[PDB]
């Protein structure tokens, strides 16, 4: 009978969770070894342990059928059982699983090992994305130099892994169907536990798209004055290599040439960080300070002992793309970041430490609940702190911003600077998954895979490649997450919900009142707020133990993902910018790109 079975089921779960945590620990150690030191041998060890854990998960899935778990009284027990039924890639036959891991390894190591020749010296051929190419893309205003680095990088990071990417799409699809999802798109979407989630994001995106179009138009206008009309057209998509980022995902690196009020201050603290002797260690210690200032958990000694916070100097290959790692024991949590002393890197440190904090908050949960309420929640945590850190208010307190007068014009400069990171990114992030979903769902023929990518980038972001591409190129894997098989919708979700978290934290901290001109949302610093700290604790400590609306409700009483808060933040910018574009007769919108030939 079922009452007795449910009692035994609870004990089965308790043991199985602990066993999965320990087995995952071992797989994580091997993955860490590889990612911090790419070698054929580390690859082999990583993929071998994953294969073994996959075989165990298959037995676990099979063993859950011995329990009438859908008949149980406990919502909690049923939730855990449901989580253990979901195998993902581990559902594949052993041989196909191994081929998928090999394919994944080939793509991620191709990405991490890209090097290109110096534009001014074709004997010097050891320039990596991080830091060398990224420095040129973010700093050079030589449009031909920029186009050179763009083409070299995309050809090597993108086109070179076409045939591997194709096999990955096939195996990803096969795995999804073995879990009885239509495709990998529905397998990813299942993490949001909401069958209207795509519609909800379309609705929110459509409400913010007008503001994006205004920013796009203004930036295009300013780039024309800088580079001239031979480089940038009034009416066409923006050539993406001029936007300060290899993927045009964020444009804050060209703020100095597009800022609303060039005579008025624009916050860029990198030079002061350098002047005051900041190191990667100091930046992490300051992030730790921020969390503990809010009455959240301090980093444990394992973090300091085992993290990698600067690029190795020993010539090894590694993945430099910044990441946070849970080892699934107690207090073994780590970051791997090739840290540089810049403003944007200070924000990255806070981003990654948000993942760390989450891990620490939920580490007492059962293994299956030791993850984010949804993938977007995980990405949002550290960004809520980065929003504070970026404020003039905070940057003056820590001595990084000197002689700053916050008049109306400085405020618009700062709002615009923020928008170049937070609004511009939204169409970018949506396209990353729209593209992959379309491949996974079998909606695009293989003959059209490259132009289907640039078509989306055109339609949603109004950008295009600097040179003509064709179906001979394959550009999508030039972005880390695409080569590395990391779902990207989490970042779209994060960029919306982080404003709901920020706004609520700010109110709880006494730092935001809509009816008080002294407390605008865009100068809120939650540093030192135990009240904000508490809201985080209430939410993060839940892990994935409840559906994400219940996690949001624990934070601020709401249950709905909403674009209201991000619009509220940028509202003064929207008003100003709409007026400025009219005043300057700025063209809005773009013709269809001709930069991808079929």
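Positions refer to the first chain, counted from 1.
Higher average CA B factor: 71-79, of the stretches 71-79 and 480-488. The deposited model assigns a higher average Cα B-factor to 516-524 than to the other stretch when 497-505 and 516-524 are compared.
Taking the PDB entry at face value, the top CA B factor among 287, 427, 462, 93 belongs to 93. Taking the deposited Cα B-factors for 552, 542, 566, 49, the highest one is held by 49. Ranked by Cα temperature factor within the chain, residue 64 sits in the highest third according to the deposited record. Residue 386: CA B factor in the middle third of modelled residues in this chain (values from the PDB entry). In the PDB entry, a CA B factor belonging to the middle third of its chain's modelled residues is recorded for residue 101. In the deposited entry, the Cα temperature factor of residue 127 places it in the highest third of its chain's modelled residues. Residue 510: CA B factor lies in the highest third for its chain, per the PDB record.
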